[PDB]
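The structure under discussion appears below in the form of structure tokens.
What follows is calculated from the coordinates using simple rules that are stated; it is not laboratory data. Cβ placement follows ideal geometry from the backbone for every residue including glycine, while neighbour counts extend to all protein chains displayed.
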RNA sequence: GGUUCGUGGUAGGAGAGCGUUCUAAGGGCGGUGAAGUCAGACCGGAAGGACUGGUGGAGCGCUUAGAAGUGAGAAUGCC
RNA sequence: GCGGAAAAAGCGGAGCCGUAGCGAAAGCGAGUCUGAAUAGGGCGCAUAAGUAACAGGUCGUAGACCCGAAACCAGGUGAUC
RNA sequence: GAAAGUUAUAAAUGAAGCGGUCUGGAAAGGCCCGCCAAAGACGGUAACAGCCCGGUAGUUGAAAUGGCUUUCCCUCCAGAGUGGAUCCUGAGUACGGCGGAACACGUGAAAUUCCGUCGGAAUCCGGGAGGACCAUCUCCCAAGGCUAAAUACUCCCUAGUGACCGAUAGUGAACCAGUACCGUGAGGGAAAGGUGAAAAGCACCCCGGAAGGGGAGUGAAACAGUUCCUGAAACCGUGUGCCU
Ligand SMILES: [Mg+2]
Ligand SMILES: [Mg+2]
Ligand SMILES: [Mg+2]
Ligand SMILES: [Mg+2]
Ligand SMILES: [Mg+2]
Ligand SMILES: [Mg+2]
Ligand SMILES: [Mg+2]
Ligand SMILES: [Mg+2]
Ligand SMILES: [Mg+2]
Ligand SMILES: [Mg+2]
Ligand SMILES: [Mg+2]
Ligand SMILES: [Mg+2]
Ligand SMILES: [Mg+2]
Ligand SMILES: [Mg+2]
Ligand SMILES: [Mg+2]
Ligand SMILES: [Mg+2]
Ligand SMILES: [Mg+2]
Ligand SMILES: [Mg+2]
Ligand SMILES: [Mg+2]
Ligand SMILES: [Mg+2]
Ligand SMILES: [Mg+2]
Ligand SMILES: [Mg+2]
Ligand SMILES: [Mg+2]
Ligand SMILES: [Mg+2]
Ligand SMILES: [Mg+2]
Ligand SMILES: [Mg+2]
Ligand SMILES: [Mg+2]
Ligand SMILES: [Mg+2]
Ligand SMILES: [Mg+2]
Ligand SMILES: [Mg+2]
Ligand SMILES: [Mg+2]
Ligand SMILES: [Mg+2]
Ligand SMILES: [Mg+2]
Ligand SMILES: [Mg+2]
Ligand SMILES: [Mg+2]
Ligand SMILES: [Mg+2]
């Protein structure tokens, strides 16, 4: 596929490795991995007090027989107004990983999908002399994005992260850090040639 | 109520029936009241028979 | 991300009891009526037979465990065909290739299958049949 | 926590290749005047756990 | 798409669904009036869902997926 | 566990399950145990699929679907009745 | 003991729209134009604000005190080789019996460790252990002491996070709550959030002793009137279309 410069002009064409960008996408696998990655983000910090954890409630409120009232054991029994909760949330992890081979297939398949959808723009360079959001915004018009976009860069270029930090739909990531959920969260995938090399080197 | 030389004193454990019912009991040290001088001056102190065995003041 | 479809049949809605009679699991919630099995925490321990002496106590204990029990990693001939002809098959070569991962007490070669190639196999033990078969092909067994 | 194996059972049953349980026979200590030699030969062999019993006890000896 | 035989049902097994709160992504509504609330002779096989109007005065649907403190008429239930 | 953003990968093969069973065991091994047996019989093989993860069902350990005793034990508080 | 650095405990500076127009009580909303962005965090502002305010990114800042890190001061200090005449190398100790306990190990064939009691070694030609015990071999040198880190927990502090609660929930406690109240006492232990953007919190008139009303006025609204967002149901009434 084609290989354009920051300015937006064509710079020949690059050849993506068909074992990473060519494979027939496995949608079912990508859905499993997306669900696992969403589940793994959960903090799970939710708790209630059961009848043991609620303040007080030690004594029998009134004698078992003779008063004409329903028998009761504690004022914190769960049918009482301020009483314990019967089950309800307990702090727990929601994280789980599919096997490594399934996780690699998922990233290969989501990346192949982007090529099929013509949502992957390969850039020769991408660099900025100084952190300037105005320049990064102009760049996105030249490349013709006008959507959410994941920008993948290798050649350190610290000025790219700063320049794109204040744009709302734009995420800049290393290349080592490319993940199924980050590619799925974003419409267009813009990647530098140097970054493509680093992604293929891993997959 | 403790050996001044060693520190022997009461310690708890079990009494056991045949049938192996257990109940708490103690083992007291064989403490004897004797005059010795740990500090220069003599004094009547608890000392275990075991501590007296061999070389003590009296 | 707005059109996620998990694989058909991979996920099923959990059954919730005690949520009305329409569901078929309302009220008694699948437990039927009364007795020990209807109660919270109810039910007898696993092999319990309501006081009839359980099976395991009707029958005797048998045998002992040997402190010095040797268990060998088993290699049937068939997998030795993997190797190239006139090759010297060691334990180290049998773990590198990935044929036996943990070499419990040693490597024993068993006959099961038939060998084609002419090898030189060294293992801790051979079955009489295995030895004959390795040799019948045109190889030498050594017992390291 | 991990399920615990029933140790009484682990000392009496043995798992076969097909995954069944093999056991010994009961009436095989003492009182041998009261049993015939045919009874003795038969009781001396192993036996399999019955389907009904196996259903009841299989979790006790998983592992 | 037809044909044939079926379709009473407690315990109970099996299936398909409705609705509730929250999350994500997409796409919307809303001071020209959100949710809630009241009323009605509307719609769906059921759970249920709209529409119109009053009240209300600022938030809320929908689609697909996900997660549950997810549905009450009975407990001499608790307030 | 290292690395990292309460990331994602990568690294990490120690270990676990499976690929062989039979026998109390020594052991032998597509067989093995019993047996004097080359017999018969038991369990196996000949009739190879497992494993990792998630989801449903059920079970186990946990209060384990919810409410309810009379009681038991431990440390205290009470002879202003 | 100094000194230097650095962090903490106050702060400072900080880009860009009073843009036009529509609806409206009000515009941050709609429509149409711009602009800043290392700043599109969060909150506030008469409805939903990157450009209105406090701020935010970035960049600065400390008289004083405390912490930390360095450096200096100060303080302290022998360590290899060769022999093996002799000497030393933890005693009521180790161990044993009896009785207990700890060991995953219930006295068992019961090693190992500890306690009480009684008995009681060897001591370099020495001693202990390898799950009764003996022999061989192997590995160790008890009966003296010290020792950071990797681990546990959080009354606290700072900064944050949540497919956690949203007033019968969440803490017992969003509110002067361990209060009121109950109990001789130990102890038990509640209920109870919302005017409006702003008090502009209803001058004045009228009935009434007042309460409370009706006007008038404020307000977008007063059927928002000082407990005052919404305002379901039970329950209580007035009126009346059909019936009795
Ligand atoms: Mg309690
Ligand atoms: Mg009554
Ligand atoms: Mg509560
Ligand atoms: Mg269902
Ligand atoms: Mg039924
Ligand atoms: Mg019912
Ligand atoms: Mg019943
Ligand atoms: Mg029953
Ligand atoms: Mg009986
Ligand atoms: Mg016998
Ligand atoms: Mg019919
Ligand atoms: Mg039917
Ligand atoms: Mg069912
Ligand atoms: Mg809501
Ligand atoms: Mg309402
Ligand atoms: Mg519920
Ligand atoms: Mg009711
Ligand atoms: Mg008693
Ligand atoms: Mg007293
Ligand atoms: Mg008196
Ligand atoms: Mg400003
Ligand atoms: Mg206007
Ligand atoms: Mg408003
Ligand atoms: Mg507001
Ligand atoms: Mg003892
Ligand atoms: Mg014990
Ligand atoms: Mg010994
Ligand atoms: Mg002793
Ligand atoms: Mg010893
Ligand atoms: Mg030994
Ligand atoms: Mg042992
Ligand atoms: Mg020594
Ligand atoms: Mg409360
Ligand atoms: Mg409320
Ligand atoms: Mg309360
Ligand atoms: Mg009022």
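Normalised by residue number, the volume inside the convex hull of the Cα atoms of chain A is 184 Å³ per residue. Using only Cα atoms and rounding to the nearest 10 degrees, what angle (0 to 90) does helix A:133-143 make with the longest principal axis of chain A? Tilt relative to chain A: about 70 degrees.
When every Cα-Cα distance of segment C:53-99 is counted in 5 angstrom steps from zero, the calculated P(r) takes the values 4, 13, 18, 12, 7, 8, 8, 8, 7, 8, 4, 2, 0 percent. Against chain A, whose longest principal axis comes from its Cα atoms, helix A:193-202 is set at around 50 degrees. Taken as Cα centroids, segment C:42-84 and chain D sit 12 Å apart, rounded to the nearest whole angstrom.
Taking only Cα atoms of the protein assembly as shown, what ratio of Rg to Rh do you get with Rh as the Kirkwood inverse-distance radius?
Details: Rg = 38.8 Å, Rh = 33.9 Å.
Radius of gyration over Kirkwood radius for the protein assembly as shown works out to 1.15.
Just the number, please: Stokes-Einstein D of chain B in µm²/s, Kirkwood Rh from C-alpha pairs, 20 °C, 1.002 mPa s. Don't jump to the answer; show the numbers that get you there.
Numbers: Rh = 13.0 Å.
D = 165 µm²/s.
Quickly estimate the mean residue ellipticity at 222 nm for chain D, helices only: each DSSP H run with n ≥ 4 gives -39500 (n - 2.57), and the total goes over all residues, rounded to 500. It lands at -6500 deg cm²/dmol. Taking the three principal axes of the alpha carbon atoms in chain C, the coordinate ranges are 76, 61, 23 Å, sorted in descending order.
Estimated from helical segments only, the mean residue ellipticity of chain A at 222 nm is -9500 deg cm²/dmol, where each DSSP H run of four or more residues counts as -39500 (n - 2.57). Give me the distance in nm between label points sitting 7 Å out from Cα along the Cα-to-Cβ direction at residue C:114 and residue D:42, one decimal. That separation, rounded to one decimal, is 4.5 nm. Per residue, the Cα convex hull of segment C:19-91 amounts to 316 Å³.
Let me confirm one metric for peptide C:48-59, namely the mean number of other chain beta-carbon atoms within 10 Å of its residues' beta-carbons.
Details: counts 1, 2, 0, 0, 0, 0, 7, 14, 14, 4, 6, 11.
Across C:48-59, the average partner-chain Cβ count within 10 Å equals 5.
Explain nothing, just the number: relative contact order of chain B, from Cα pairs under 8 Å at least 6 residues apart, as a whole percent. Reported as a whole number, the value is 34 percent. Helix C:128-137 and the longest principal axis of the C-alpha atoms of chain C enclose an angle of approximately 50°.
If you look at the Cα atoms of chain D, you get an Rg and a Dmax of 14.4, 49 Å.
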